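Engineer: Got a sequence here, can you build the structure:
(2 chains, ligands or ions: 4)
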Amino acid sequence: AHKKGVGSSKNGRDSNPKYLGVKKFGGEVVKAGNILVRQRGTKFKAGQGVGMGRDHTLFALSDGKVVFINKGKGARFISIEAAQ
RNA sequence: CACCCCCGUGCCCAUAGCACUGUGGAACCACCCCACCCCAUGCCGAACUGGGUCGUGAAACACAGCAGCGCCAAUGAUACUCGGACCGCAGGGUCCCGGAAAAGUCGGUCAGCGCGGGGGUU
Ligand SMILES: [Mg+2]
Ligand SMILES: [Mg+2]
Ligand SMILES: [Mg+2]
Ligand SMILES: [Mg+2]
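Structural biologist: Numbering: from 1, shown residues only, chains lettered A, B, ... in the order given. Ligands and ions are numbered 1, 2, ... in the order given. What follows is the structure:
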């Protein structure tokens, strides 16, 4: 006549969002200590003027202007060059 | 650099790599030889290290050749597609406008640009 279940899911679950990616893009002014990429790994390597926290977070060290170096795929660098 | 060549070291990060191959030796490099100590081996001077030859340039390195491989790669067309409009009950599909791949074909390539030093041009 009717049915009695009984099944469910073992799924559903997921994890709260991890707002990643670059926050500071090609040709952008930058204050000292402004963050420029959140990333899982070495996706973007620090160049001149940019350091890297343990989160592999890239944060700029001395003001200036942001510049993206794509060195042919899998090896890429972000840097600051000050204006003048 | 005056011309070559070699040693270091860079920008470049494979159209710059690998194989096959030829050349190279006292002038730089290499193997080489010795090691009780500095120094070093999870064991061994193989490697790090130390004292120095001759000998060999065979190995390795440098340079040249080469398109077998690798890598780079068109135009043409297409896929898809912003945005204009449409058909199909629906799965799905069309037209106009611009953008426009990937894979493949044409091919292209045995790299290029520096700095310093050494050593040669009866
Ligand atoms: Mg449309
Ligand atoms: Mg069209
Ligand atoms: Mg076009
Ligand atoms: Mg060669």
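
Engineer: for the residue of chain A found nearest RNA strand B, helix, strand, or coil?
Structural biologist: Closest to RNA strand B within chain A is residue A:72: 4.5 Å, counting by C-beta to the nearest atom of the strand. (Each C-beta comes from the backbone N, C-alpha and C, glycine too.) Assigned with DSSP: H, G, I helix; E, B strand; the rest coil, residue A:72 falls in the coil class.

Engineer: wait, residue A:37 sits on residue A:57?
Structural biologist: Yes: look at residue A:37 against residue A:57 with C-beta atoms under 8 Å: they come within range, at 6.9 Å.

Engineer: Show me which of those two is the more surrounded one.
Structural biologist: residue A:37 (21 against 15; other C-beta atoms under 10 Å).

Engineer: Tell me which stretches of chain A form strands.
Structural biologist: Secondary structure of chain A by DSSP state E: the strands cover A:21-22, A:35-38, A:45-46, A:50-52, A:58-60, A:65-70, A:76-81.
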